[PDB]
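Q: Chains as they are written, first to last, in the deposited numbering: chain Z, 1 to 222; chain I, 1 to 204; chain Q, 1 to 125; chain X, 1 to 195; chain J, 1 to 195; chain a, 1 to 233; chain N, 2 to 196; chain b, 2 to 196; chain H, 2 to 222; chain Y, 2 to 212. Even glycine gets a Cβ: it sits at the ideal position worked out from N, Cα and C.
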Amino acid sequence: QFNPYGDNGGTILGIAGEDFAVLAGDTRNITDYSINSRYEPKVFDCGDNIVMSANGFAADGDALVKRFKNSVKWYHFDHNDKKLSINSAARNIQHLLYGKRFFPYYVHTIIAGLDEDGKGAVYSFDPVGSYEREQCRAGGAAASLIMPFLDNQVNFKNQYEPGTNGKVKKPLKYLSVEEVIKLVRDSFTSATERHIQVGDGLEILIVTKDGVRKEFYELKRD
Amino acid sequence: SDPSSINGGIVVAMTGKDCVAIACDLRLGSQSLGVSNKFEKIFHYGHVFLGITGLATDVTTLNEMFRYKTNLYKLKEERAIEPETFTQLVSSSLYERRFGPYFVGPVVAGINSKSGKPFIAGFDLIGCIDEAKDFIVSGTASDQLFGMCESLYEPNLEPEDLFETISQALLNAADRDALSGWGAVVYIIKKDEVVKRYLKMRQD
Amino acid sequence: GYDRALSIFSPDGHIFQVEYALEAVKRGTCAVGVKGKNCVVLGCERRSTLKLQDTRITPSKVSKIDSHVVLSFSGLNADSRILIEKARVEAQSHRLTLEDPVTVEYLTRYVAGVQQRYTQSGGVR
Amino acid sequence: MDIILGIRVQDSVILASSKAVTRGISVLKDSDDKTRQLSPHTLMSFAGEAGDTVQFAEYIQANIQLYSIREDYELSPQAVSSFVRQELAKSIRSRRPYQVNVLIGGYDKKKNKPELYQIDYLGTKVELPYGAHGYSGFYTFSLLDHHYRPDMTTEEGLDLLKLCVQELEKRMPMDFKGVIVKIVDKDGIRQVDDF
Amino acid sequence: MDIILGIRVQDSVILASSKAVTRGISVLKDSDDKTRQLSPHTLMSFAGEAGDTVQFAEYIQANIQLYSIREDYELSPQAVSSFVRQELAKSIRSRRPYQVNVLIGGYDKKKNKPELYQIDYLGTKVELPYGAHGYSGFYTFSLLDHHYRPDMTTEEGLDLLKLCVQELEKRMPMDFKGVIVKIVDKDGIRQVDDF
Amino acid sequence: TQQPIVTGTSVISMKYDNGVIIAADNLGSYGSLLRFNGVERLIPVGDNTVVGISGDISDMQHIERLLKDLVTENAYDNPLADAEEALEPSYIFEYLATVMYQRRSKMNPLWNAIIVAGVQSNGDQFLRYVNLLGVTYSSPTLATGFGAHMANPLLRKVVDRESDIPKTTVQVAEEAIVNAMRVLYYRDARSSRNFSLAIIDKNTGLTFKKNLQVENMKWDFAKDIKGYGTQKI
Amino acid sequence: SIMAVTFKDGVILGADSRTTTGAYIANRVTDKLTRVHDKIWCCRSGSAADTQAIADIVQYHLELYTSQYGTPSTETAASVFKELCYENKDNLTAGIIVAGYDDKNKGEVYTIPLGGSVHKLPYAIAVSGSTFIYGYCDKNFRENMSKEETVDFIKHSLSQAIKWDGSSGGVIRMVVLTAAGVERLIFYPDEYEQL
Amino acid sequence: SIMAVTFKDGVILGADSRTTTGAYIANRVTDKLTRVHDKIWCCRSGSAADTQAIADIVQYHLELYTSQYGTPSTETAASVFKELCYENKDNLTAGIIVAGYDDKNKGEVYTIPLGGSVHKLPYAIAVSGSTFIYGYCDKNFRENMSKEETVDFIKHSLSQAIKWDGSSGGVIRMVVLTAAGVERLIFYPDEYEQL
Amino acid sequence: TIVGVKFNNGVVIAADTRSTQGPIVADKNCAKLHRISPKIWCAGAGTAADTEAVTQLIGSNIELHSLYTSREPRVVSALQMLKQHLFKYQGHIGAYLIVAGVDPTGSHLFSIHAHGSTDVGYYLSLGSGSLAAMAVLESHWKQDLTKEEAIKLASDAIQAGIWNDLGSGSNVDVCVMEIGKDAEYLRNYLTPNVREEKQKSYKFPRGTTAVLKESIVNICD
Amino acid sequence: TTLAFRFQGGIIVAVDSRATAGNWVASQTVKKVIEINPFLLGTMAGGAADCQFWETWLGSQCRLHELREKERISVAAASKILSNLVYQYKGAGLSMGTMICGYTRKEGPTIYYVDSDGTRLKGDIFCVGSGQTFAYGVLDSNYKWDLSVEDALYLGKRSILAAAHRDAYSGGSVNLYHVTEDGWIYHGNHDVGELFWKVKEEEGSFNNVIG
Ligand SMILES: [Cl-]
Ligand SMILES: [Cl-]
Ligand SMILES: [Mg+2]
Ligand SMILES: [Mg+2]
Ligand SMILES: [Mg+2]
């Protein structure tokens, strides 16, 4: 019987700073034990300082990004070129996803940008459109490898203040863009070593008030 | 009805400078229900430490079995078994049940009393040996532990540092697994002393 | 289906079909409503040109919509039955979904809505 | 939704309906009333698939209340039961059938006679001196075939019902958390406050 | 065979076991004792597949009674629990496994300490201050986590058990027809006559 | 929902400095490996695009007609149909990609793997893949079915990354493709000796080669192989 | 595709060189012609594992037979093949053609198909999934043919089968069994394709 | 077994006369050669019901075509067959060979196999379960053959298919399409068996 | 990815060093090259426990056979013993092996399927990377290869698997068995996948982890 | 784990914040209380998307009622809008366990249980989710109608904590709400990690856990 779904592998990672946000993804596209492409981007500038990635089944991911980019275009037409706030984009994507509740998009969706106070924002969605704003989220094949590391190094979970008998927690604080990109690069090199579907290349899209900048880094090709 | 993920739990082992560390969570559950917060998964036969994740009845049974086999080894050989030899014994004993296997993920940790060389190894349920310089992981949060270990680990850590690394590797992995946690124990193993520390972690 | 726009605007900005409907009402037997301090009374005229009538079975001029609301009318008797039926159905529909009987204002607003819809729907007077 | 009983005595109909609502391994409620008043002298008890029961009961209630207003007349219990049967008989060859079983207890003011109707989810209607749905009938039908007498009073009928409930509380595996009892006579519908 | 509870207090172990035996839709018995005395200071409660439960319990009882005669010595609760676990651990890879879950409550006369062991049908043994098998744990463990205190007396432990049984009688779908309670202390095994 | 009856095997392609190469054998495989010959699985659309199709032949012939239909439609009321407003590989691919995905979403897929090989108006090489699930990806080397497993590894030795494309000549790329086709003949039971190869070059246009045969095959060593282990004769 | 043809001087055994897993050619230079004795050979079709296991056992039986009773008949070799195939038909998927030369009986051909039956024929041919053809150009085969004729006949027959198969392919291997001895022939695609 | 062969003067269509339900021959004198137009005929394989329904619809389309646009090409007839077979492939199991004669194009042969694809060939043969052979004696068939040659070629090919296939049997029917007109040939078993 | 390549005076076998459970890499440097006998080596694919166990059992029985016969063991003996064992278990022991060696008869290269079938070849490949490896072998293999040519061809075939197959990766292991010489086992012959320097050090300040209790474990008698 | 119970001081609503995919803990920061309007609250249990989407849609339907009737919707009416919606989708695979909790002058403090099978129940106490049994054990044992607001808030918090501990699929943090005549009041987010040890120390409970 025809199976309409497939797994194109890949893994994505969103991190929100004070006055910036990053959305990273590997550039490897796979089916089973074959490599389709060593460089197939799945992190996209959608306009209005919103970056998006729909990781999982590439066909459903391409379809959703295409439909959201189109949603941004028609928001401009219908509301006098008003800027689509990240919170408004997030609600719109819930409706796109829940629209196909009984034939879902097999993707884990992450969008990144700045909120209306200029502070770094990351929203993560399930396949059927439940979403929530977080300072930190990994998605796709190697999410289980990356996410506990981010809990430890971003949110300082299970770290206590030396000498305080484990009574005083290590204080939360915003990381610089330089410190965040280090954690992203180390997150992906680590995931590349231990997950066969992760490797080839890492593409990071950084979102500030100045706009959307790109950085590319090689990963192991085995 | 997947035996390896009914009771849940995790083991991780790491090598340092002239030392090894092995750690486990204390949870035993019946799927969603937490039953015991005092279920240790690390046993020692002389100076050789064995962690076992998987079906708890087989964890208990294999402990009782390897105690039996190492007790007889010591009486006949007139010396405590070494990690390298014990690894081969675990492998032999698991593959003997090839077509009716124990649903377990055992981890060997210890220092060779002669050479002083730190040693760790892991096995699948039918006894394929994974010998590793860096670290070994097992259990329901193995994916989580692989991610933590592969990023946190660096070679030739001192005992006091290695403790922090393995502790943080386990705690943060267990907190992202529903069937792991409810307390943790870390064994720091030097050539001729072994410290055992109970970690404070979230009880959910 | 029959689509023709029967209720349309005239050069002077009047809708004649709606205004000719008011003429049908003016022809109808008189109906009066007086509300007191702790009651409302509905008085209704019955033309006396009809003798040998069976007052037992003849449709009464005042209709219960629910146990607490009543509707009287002036105009085409046959037309009144369609509004009363729709109103009675909406009264039971409100109880079923809101778990409360209609307010008098709500039942009025519904009936008025039906009357309005028939002033800018094709094929209907 | 498990136990619904009915006894027709000389001058009234008695409906007993279990109070327990169980979802998974927890008893959510112990005071649930599995009955709707269709008209002042007609009561319907119901049991079956969750949601469907109340949705069906309220739908019937609305249609009978609509008929009462339109005709300024109370539909006979026989007429109400025939309407309810036809709705269930439509349901069974629907895309998604109503899985609801009902007892209709009514006093016919024209005949001055109490009437009890038993209709299953297929639309299988039957008029009975006493009735039940599901597993409750397994223990009460034979108990009633012995103790039931046609000229019984309401007090006699309540004592015979107590004997049925006691037998159910002894031999049935579930705790149905007792029964709400409602009497339907010439004066209308009243609830027995203590049982 | 459904509800088996155990609480280890300061100086004793309390086992509470449901009295109901249900086959199909009828409750065959309401006075069933789901326990066997293994030795004068060791009691085992059991629940699971019909037949297997009693057959397993009596088999264990015979083997411990045999050891007692042979050595003129009472095997420790730890030793009895280890023996029972090994029998269940054999069973699970048998042609037809015993589907039996057990609590072993004992007073160790050497240590002067009460001990409670929980073993499931797979041979999964655990030592606990309080334990249960099947769906019992889901309601009672939250209560015990909250009200249980390690230096409690037997009276305190019985009151805490009443609170568990009351919660089960409220939120459980089946009527388990109350519990038989047995205390295991230094003086041996006695049954609480009224609960 | 359907099951493919008669199918075409792997389509292989790669980019070189001045264009792209695409090739496909001329065989239609039946049910239990049974063979049939005479099937062209390379569809030239205009003089700047070749479409290589694998999978169900019936669905391939439907797609062939859509592409012929598309060219006709583009010419309608288009003075610049043979110039600026001529069909591009990117347009043809996106049409096909759209069709494949909406067919899979209606649960009535076209049981094919498609590679669109062409040169854009600005001279940029175009190579992209779409299949019955509507999954799309691009790479310096693209192959379908067996080709993905056996041809890609050989082609990736010539062009492992984007930076290798300018260094790769048409002589090198054609050799690599022709060698890869022989390997597929050796090891694929649904392959044939006869194949078609198409070159789209920005400078020299589209070159279409038909009735090509696999040559310089190694079989001589087979005489030395006797039995399955212990047999000496 | 495998066939064995009896001619004037003896018998010839021919086959293709292709082994497949799904559509992947595992071996393109397979030797499907197997020696069970000096002048008793067989063609293997079906499971590679099953045919090898059987061919190895038959070779053992004929080696032991030769030690005790001297050179065995082709009929004896066929009987041993059948016995293994028939008795283990449930667990086996092997189709075998047995060809041998005696100085008394000259060339003989026996086929053991999937059933585990034995048939003695002048020639035999199997294509696709161990499928023996009864006719296969009966007017194209005559009794007492020549070596070159026989080689030409088998070469043509197998080439046609490889043209329409996919299972069959690679080189054509032949073994000629005569009084003179054993000859091994091989035909590469470029020779046999142009026919 | 059905085949169509193009020759110098036109095209000849050939088929067997056997229809089977399981192993029972429902019709032993079946006419598998069907007229969709004066000089456009087809050979039917697969479902008898499906092929008849399709052949009847195609005949309707070509009759309507002829009324409006005059005599249709063999290619047009093939296209109509394909359209029905391709669009209804899910619900259909029909394999068709289309043979037609034009004064412009002479003899043409088109095959629509189970897929619903169209192929134009010099000749086509389908045997067993609508299985079309690709080579089928490629050196036995030459272009611009004589009528006697072509009748002999098809007679031999079909007779060999009937020898090994149980699905095929009875008489051999042929239809000769040329400028001269339509000729119907029949060959009885006694003639064609001795080949 | 495992390959066998025959040359003038011997045979060479090579393998990758990646072990996987599902999509996770369990071992980044595991050894898939097994010693059945000093000059008979085995490459294993499929169930890792099965390939190790079947290689050690036959290796043990071959050693005992060698002692009994007072002869260097033959590859055909290892082949015959392996195939009969694997056939007995009807593919339930998931071992796919390339068996190569030198013995008094000469140099031999064989493959064994889990169901008990064996083949003979000048070049062979097995595992998930077999098609990637076989493509390189079919492109570059020639008759009368030298040892240096054979090692290069074998390591190139493994490299094809490492890069293009997700099941294969890390380093390349080679074993060279030449007639009249000791078999040379080149563990980590190539290491083209070295982890790059980490951007940051995740060494924690001591006392970072909260500790409930400490105790000294007695491991002595 | 979600609970809502009625007492002298109004309604207490307490929920956990854990979301899981199989054994994977997806999030510990999920908001399982939708705020609908200042006198209406909705809990969330079952499919995260199903609850979040349809309860956000219920807030829109409730806003429209108040625009049209110039009056806040009754808990009864609001609960029936949601129950009537899910009944339309019955058999399609929607998974929802939820409580609509609010105060209106005409109804008083009201709690309605609504699920995806179409069940709509009015009650004083409800517990919904995988951890409902653990919550019920604590609530039922210490529930009094005449509980003080401070004690009621603690009991709700304590009951979620009990469920968070024993249930594998419940945890993260506790979110507390109090509903009165003046509307709902947020009583903060309590991380289970810190809360557990405080409760154990102060209450002297959780003796099963290694001190
Ligand atoms: Cl073979
Ligand atoms: Cl017919
Ligand atoms: Mg990798
Ligand atoms: Mg946890
Ligand atoms: Mg247990």
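Please give the ranges of any alpha helix (DSSP H) in the stretch 147-195 of chain J, keeping only runs that are unbroken, at least 4 residues long and fully inside the region.
A: Entirely contained in the stretch 147-195 of chain J, the alpha helix (DSSP H) runs reaching 4 residues are, in chain order, 154-171.
Q: Under 8 Å between C-beta atoms, does I/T165 make it to chain H?
A: For I/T165, the answer is yes, since a Cβ of chain H falls inside 8 Å of its Cβ.
Q: Looking at the structure shown, is a/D160 part of a helix, part of a strand, or coil, going by DSSP?
A: Coil.
Q: Please state if the CB of Z/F57 and the CB of Z/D7 are separated by a distance shorter than 8 Å.
A: In contact: Z/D7 and Z/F57 (Cβ atoms closer than 8 Å).
Q: By the three-class DSSP mapping on this structure, what secondary structure does X/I119 have?
A: Strand.
Q: Any contact between the stretch 56-64 of chain X and the stretch 86-96 of chain Y? By contact I mean 3 or more CB pairs, one from each, below 8 Å.
A: No, because fewer than three Cβ pairs between the stretch 56-64 of chain X and the stretch 86-96 of chain Y fall closer than 8 Å, the two stretches do not touch.
Q: Going along the chain, which residues of its own chain have a beta-carbon closer than 6 Å to the beta-carbon of X/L122, five neighbours each way excluded?
A: Closer than 6 Å at the Cβ level, and outside the excluded window around X/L122, lie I92.
Q: Label X/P150 either buried or exposed according to how many other C-beta atoms from any shown protein chain fall within 10 Å of its C-beta, with 16 as the threshold for buried.
A: Classification of X/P150: exposed, given that the 10 Å Cβ count is below 16.
Q: Have a look at N/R143 and a/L155 and give me their C-alpha separation to the nearest angstrom.
A: Each residue's alpha carbon lies about 52 Å from the other.
Q: Along chain Y, which residues have their Cβ under 7 Å away from the Cβ of Z/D78?
A: Ordered by position in chain Y, no residue passes the 7 Å Cβ test against Z/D78, which lies about 19 Å from the chain.
Q: Z/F216 by DSSP, collapsed to three states: which one?
A: Residue state, collapsed to three classes: strand.
Q: Which residues have a Cβ closer than 5 Å to any heavy atom of ligand 3, listed in chain order?
A: Taken from the N-terminal end onward, the list reads Z/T192 and Z/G199.
Q: If you count every other CB in all the chains shown that lies within 10 Å of the CB of X/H147, and 16 or more means buried, which is it?
A: Answer is exposed; the Cβ neighbour count stays below 16.
Q: So what does DSSP say about Y/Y104, is it helix, strand or coil?
A: Strand.
Q: Short of 7 Å Cβ to Cβ, which residues in the stretch 151-163 of chain Y face chain Q?
A: From the stretch 151-163 of chain Y, no residue has a Cβ closer than 7 Å to chain Q.
Q: Looking only at its own chain, which residues have a Cβ that is under 8 Å from the Cβ of X/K109, when we skip the five neighbours before and after it?
A: Around X/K109: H41, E74 and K186.
Q: Just to confirm, does a/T49 get its C-beta within under 7 Å of one of the non-hydrogen atoms of ligand 2?
A: No, Cβ of a/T49 sits at least 7 Å from all heavy atoms of ligand 2.
Q: Does the beta carbon of b/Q53 fall short of 7 Å from some heavy atom of ligand 2?
A: Yes, since a heavy atom of ligand 2 falls inside the 7 Å radius drawn around the Cβ of b/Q53.
Q: For a contact meaning CB atoms closer than 7 Å, what does a/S29 contact in chain N?
A: Ordered by position in chain N, the residues that pass the 7 Å Cβ test against a/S29 are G167.
Q: Compare the C-beta of H/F8 with all C-beta atoms of chain N and state if any pair is closer than 8 Å.
A: By this cut-off, H/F8 is not an interface position.
Q: I need the DSSP call for a/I165, collapsed to helix, strand or coil.
A: Coil, per DSSP.
Q: Identify the continuous beta strand (DSSP E) that holds a/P44 and give its terminal residues.
A: Note, a/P44: beta strand (DSSP E), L42 to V45.
Q: Using alpha carbons as the reference points, say which of a/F146, a/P44, a/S139 and a/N37 lies closest to b/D139.
A: The candidate whose alpha carbon is nearest that of b/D139 is a/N37.
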